[PDB]
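This is my_file22.tsv (TSV, C-alpha atoms and all ligand atoms).
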```
chain	number	residue	atom	x	y	z
A	42	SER	CA	79.97	52.36	65.48
A	43	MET	CA	83.28	53.75	66.78
A	44	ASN	CA	85.34	56.75	65.72
A	45	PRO	CA	88.84	56.26	64.39
A	46	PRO	CA	91.69	58.17	66.01
A	47	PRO	CA	91.94	61.71	64.60
A	48	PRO	CA	94.50	62.43	61.87
A	49	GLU	CA	98.08	63.15	63.05
A	50	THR	CA	98.80	66.86	63.63
A	51	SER	CA	102.39	66.67	64.84
A	52	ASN	CA	105.38	64.41	64.18
A	53	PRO	CA	108.74	65.36	65.70
A	54	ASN	CA	110.53	63.15	63.11
A	55	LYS	CA	109.18	65.26	60.20
A	56	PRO	CA	111.55	67.98	58.92
A	57	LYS	CA	110.16	71.53	59.32
A	58	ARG	CA	110.30	74.82	57.46
A	59	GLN	CA	108.29	78.03	57.45
A	60	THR	CA	107.46	79.54	54.05
A	61	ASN	CA	105.45	82.57	52.92
A	62	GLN	CA	102.95	80.20	51.22
A	63	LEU	CA	102.26	78.18	54.39
A	64	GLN	CA	102.05	81.46	56.35
A	65	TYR	CA	99.49	82.66	53.79
A	66	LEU	CA	97.57	79.40	54.18
A	67	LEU	CA	97.27	79.96	57.95
A	68	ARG	CA	97.07	83.77	58.31
A	69	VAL	CA	94.68	84.35	55.38
A	70	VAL	CA	93.14	81.22	53.87
A	71	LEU	CA	92.26	79.18	56.99
A	72	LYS	CA	91.49	82.36	58.99
A	73	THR	CA	89.01	83.50	56.34
A	74	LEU	CA	87.37	80.09	55.98
A	75	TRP	CA	87.11	79.52	59.74
A	76	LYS	CA	84.86	82.54	60.38
A	77	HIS	CA	82.52	81.86	57.44
A	78	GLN	CA	78.96	81.09	58.57
A	79	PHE	CA	79.18	77.59	57.00
A	80	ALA	CA	82.47	76.60	58.64
A	81	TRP	CA	81.00	74.95	61.72
A	82	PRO	CA	80.43	71.41	60.35
A	83	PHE	CA	84.14	71.40	59.26
A	84	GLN	CA	85.96	72.77	62.35
A	85	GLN	CA	86.51	69.33	63.89
A	86	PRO	CA	86.75	65.67	62.88
A	87	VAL	CA	83.36	64.09	62.11
A	88	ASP	CA	82.20	62.47	65.36
A	89	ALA	CA	80.28	59.57	63.81
A	90	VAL	CA	79.18	58.36	67.27
A	91	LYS	CA	77.70	61.61	68.60
A	92	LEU	CA	76.10	62.15	65.17
A	93	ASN	CA	75.02	58.49	64.97
A	94	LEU	CA	76.42	57.81	61.51
A	95	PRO	CA	77.75	54.21	61.61
A	96	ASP	CA	78.55	54.19	57.88
A	97	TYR	CA	80.50	57.49	57.78
A	98	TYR	CA	83.91	56.00	58.51
A	99	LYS	CA	82.97	52.97	56.40
A	100	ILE	CA	82.54	55.29	53.37
A	101	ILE	CA	85.20	57.88	54.25
A	102	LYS	CA	88.65	56.31	54.68
A	103	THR	CA	90.73	59.51	54.55
A	104	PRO	CA	89.11	61.87	57.02
A	105	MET	CA	90.06	65.49	57.09
A	106	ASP	CA	88.71	68.61	58.78
A	107	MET	CA	89.87	72.27	59.37
A	108	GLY	CA	90.72	71.74	63.04
A	109	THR	CA	93.30	69.20	61.88
A	110	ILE	CA	94.59	71.46	59.10
A	111	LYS	CA	94.89	74.36	61.53
A	112	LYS	CA	96.80	72.31	64.13
A	113	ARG	CA	99.04	71.04	61.25
A	114	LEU	CA	99.94	74.60	60.14
A	115	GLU	CA	100.36	75.71	63.75
A	116	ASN	CA	102.63	72.64	64.34
A	117	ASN	CA	104.71	73.20	61.16
A	118	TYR	CA	103.51	69.77	60.03
A	119	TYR	CA	103.45	70.77	56.35
A	120	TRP	CA	106.63	70.98	54.29
A	121	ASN	CA	104.78	71.81	51.06
A	122	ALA	CA	101.86	74.16	50.67
A	123	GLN	CA	100.37	71.53	48.29
A	124	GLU	CA	100.08	69.12	51.25
A	125	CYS	CA	97.78	71.62	52.92
A	126	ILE	CA	95.82	72.37	49.77
A	127	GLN	CA	95.33	68.62	49.27
A	128	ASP	CA	93.96	68.31	52.86
A	129	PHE	CA	91.39	71.06	52.18
A	130	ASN	CA	90.55	69.16	48.93
A	131	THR	CA	90.08	65.85	50.78
A	132	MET	CA	87.83	67.59	53.34
A	133	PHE	CA	85.60	68.95	50.55
A	134	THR	CA	85.49	65.77	48.44
A	135	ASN	CA	84.77	63.75	51.62
A	136	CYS	CA	81.67	65.85	52.17
A	137	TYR	CA	80.51	65.36	48.51
A	138	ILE	CA	81.18	61.61	48.69
A	139	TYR	CA	79.24	60.84	51.87
A	140	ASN	CA	76.39	63.25	51.26
A	141	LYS	CA	74.31	63.84	48.10
A	142	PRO	CA	73.93	66.65	45.52
A	143	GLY	CA	71.46	69.21	46.92
A	144	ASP	CA	71.94	68.38	50.62
A	145	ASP	CA	72.33	71.46	52.82
A	146	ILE	CA	75.77	70.30	53.93
A	147	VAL	CA	76.87	69.97	50.26
A	148	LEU	CA	75.66	73.51	49.51
A	149	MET	CA	77.70	74.69	52.52
A	150	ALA	CA	80.82	72.79	51.38
A	151	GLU	CA	80.46	74.20	47.83
A	152	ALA	CA	80.34	77.78	49.10
A	153	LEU	CA	83.35	77.16	51.34
A	154	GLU	CA	85.18	75.53	48.39
A	155	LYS	CA	84.69	78.55	46.11
A	156	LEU	CA	86.02	80.87	48.84
A	157	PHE	CA	89.01	78.56	49.31
A	158	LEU	CA	89.73	78.40	45.56
A	159	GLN	CA	89.57	82.20	45.33
A	160	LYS	CA	92.12	82.53	48.15
A	161	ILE	CA	94.46	79.91	46.63
A	162	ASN	CA	94.27	81.72	43.27
A	163	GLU	CA	95.90	84.63	45.19
A	164	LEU	CA	98.58	82.38	46.76
A	165	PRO	CA	101.89	84.26	46.78
A	166	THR	CA	104.95	83.08	44.85
A	167	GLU	CA	107.57	81.35	47.04
A	168	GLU	CA	109.80	84.06	48.51
B	201	LIG	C1	80.89	67.55	57.28
B	201	LIG	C2	79.79	66.59	56.93
B	201	LIG	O1	79.77	66.02	55.84
B	201	LIG	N1	78.76	66.35	57.85
B	201	LIG	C3	78.66	66.94	59.14
B	201	LIG	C4	79.75	67.06	60.00
B	201	LIG	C5	79.61	67.64	61.25
B	201	LIG	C6	78.37	68.12	61.68
B	201	LIG	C7	78.22	68.76	63.05
B	201	LIG	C8	79.25	69.51	63.61
B	201	LIG	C9	79.10	70.12	64.85
B	201	LIG	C10	77.94	69.97	65.58
B	201	LIG	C11	77.77	70.64	66.93
B	201	LIG	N2	78.10	69.80	68.09
B	201	LIG	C12	77.48	68.47	67.99
B	201	LIG	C13	77.79	67.58	69.18
B	201	LIG	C14	77.39	68.24	70.48
B	201	LIG	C15	77.98	69.63	70.57
B	201	LIG	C16	77.65	70.44	69.33
B	201	LIG	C17	76.90	69.22	65.02
B	201	LIG	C18	77.05	68.62	63.78
B	201	LIG	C19	77.28	68.00	60.81
B	201	LIG	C20	77.42	67.42	59.55
B	201	LIG	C21	76.33	67.22	58.54
B	201	LIG	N3	75.01	67.60	59.03
B	201	LIG	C22	74.53	68.91	59.11
B	201	LIG	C23	73.45	69.19	59.94
B	201	LIG	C24	72.95	70.48	60.01
B	201	LIG	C25	73.51	71.49	59.26
B	201	LIG	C26	74.58	71.21	58.43
B	201	LIG	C27	75.09	69.93	58.36
B	201	LIG	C28	76.34	65.80	57.99
B	201	LIG	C29	77.71	65.39	57.42
B	201	LIG	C30	78.10	63.96	57.77
```

Could you write out this structure as structure tokens?
Amino acid sequence: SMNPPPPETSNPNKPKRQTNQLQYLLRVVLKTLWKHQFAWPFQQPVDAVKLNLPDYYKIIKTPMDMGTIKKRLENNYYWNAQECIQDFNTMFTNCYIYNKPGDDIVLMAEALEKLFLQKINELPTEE
């Protein structure tokens, strides 16, 4: 019926650092995923009102999208690269949870997930 507030993208109390891994996650991984033809359902939080999906935020309790991930990286929100990778993982599993095997949106998520996994397999060593 009503959308929750979007996930936090900035907290001035959180300690910050810039690493080559987080740089890679923003400059390569997110950049590549963003421009993929199937990215568009994932570029912003699910607006369950506009989409008229009253059960979405009843089923999905940890929302995540790429707009939020991107603002996180841009804000130096992430200390660990694994925080960011987990957020991409939550976004994908959210899609598979709410929707059903064989739905168009699930086929789109799957293709995005394989691209993501390929790019994280080439994640540089901390340096
Ligand atoms: C990410 C996800 O699981 N979903 C999602 C999340 C977001 C969106 C979505 C995102 C952006 C728009 C575009 N804007 C809509 C509001 C007005 C301005 C344009 C529309 C739907 C769709 C969808 C999915 N539907 C869909 C429809 C056609 C093709 C592919 C998927 C269901 C599902 C709840």

Hey, could you pull the box centre and edge lengths for ligand LIG 201 (chain B), axis-aligned, 6 Å padding per side, all listed atoms, to one decimal in Å, as lines of an AutoDock Vina configuration file?
```
center_x = 76.9
center_y = 67.7
center_z = 63.2
size_x = 19.9
size_y = 19.5
size_z = 26.7
```

With a cut-off of 9 Å, could you pull out the residues of chain A touching ligand LIG 201 (chain B) and give me the nearest pair of atoms for each, distance in Å to one decimal, using all atoms listed in the file, ordered by chain and ascending number, as a Markdown table?
```
| residue | atom | partner | partner_atom | distance |
| --- | --- | --- | --- | --- |
| A:79 | CA | B:LIG201 | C26 | 8.0 |
| A:81 | CA | B:LIG201 | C8 | 6.0 |
| A:82 | CA | B:LIG201 | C8 | 4.0 |
| A:83 | CA | B:LIG201 | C1 | 5.4 |
| A:84 | CA | B:LIG201 | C8 | 7.6 |
| A:85 | CA | B:LIG201 | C8 | 7.3 |
| A:86 | CA | B:LIG201 | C5 | 7.6 |
| A:87 | CA | B:LIG201 | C4 | 5.1 |
| A:88 | CA | B:LIG201 | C5 | 7.1 |
| A:89 | CA | B:LIG201 | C30 | 7.8 |
| A:91 | CA | B:LIG201 | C13 | 6.0 |
| A:92 | CA | B:LIG201 | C18 | 6.7 |
| A:94 | CA | B:LIG201 | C30 | 7.4 |
| A:97 | CA | B:LIG201 | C30 | 6.9 |
| A:106 | CA | B:LIG201 | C1 | 8.0 |
| A:132 | CA | B:LIG201 | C1 | 8.0 |
| A:133 | CA | B:LIG201 | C1 | 8.3 |
| A:135 | CA | B:LIG201 | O1 | 6.9 |
| A:136 | CA | B:LIG201 | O1 | 4.1 |
| A:137 | CA | B:LIG201 | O1 | 7.4 |
| A:138 | CA | B:LIG201 | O1 | 8.5 |
| A:139 | CA | B:LIG201 | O1 | 6.5 |
| A:140 | CA | B:LIG201 | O1 | 6.3 |
| A:144 | CA | B:LIG201 | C27 | 8.5 |
| A:145 | CA | B:LIG201 | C26 | 6.0 |
| A:146 | CA | B:LIG201 | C27 | 4.5 |
| A:147 | CA | B:LIG201 | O1 | 7.4 |
| A:149 | CA | B:LIG201 | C26 | 7.5 |
| A:150 | CA | B:LIG201 | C1 | 7.9 |
```

Review point. Could you work out how far CA of residue 54 (chain A) lies from CA of residue 127 (chain A), giving the answer in Å with one decimal?
Key: 21.3 Å

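Interatomic distance, CA of residue 166 (chain A) against CA of residue 62 (chain A): 7.3 Å.
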
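CA of residue 60 (chain A) sits 17.2 Å away from CA of residue 162 (chain A).
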
Exercise for review: Tell me which protein, DNA and RNA residues are within 12 Å of residue 110 (chain A), counting all atoms listed in the file, leaving out same-chain ones fewer than 4 positions away, and put them as an MDAnalysis selection string.
Suggested key: chainID A and resid 47:51 63 66:67 70:72 74:75 83:86 104:106 114:119 122 124:132

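Residue nearest residue 93 (chain A) within the list A:159, A:44, A:123, A:73: A:44 [criterion: smallest interatomic distance, only C-alpha atoms].
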
Exercise for review: Considering only C-alpha atoms, state which residue in the set A:43, A:69, A:161, A:156 is at the smallest distance from residue 111 (chain A).
Suggested key: A:69

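Of the listed residues (A:102, A:160, A:155, A:113), A:102 comes nearest to residue 46 (chain A); the distances count only C-alpha atoms.
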
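Residue nearest residue 90 (chain A) within the list A:45, A:64, A:168, A:56: A:45 [criterion: smallest interatomic distance, all atoms listed in the file].
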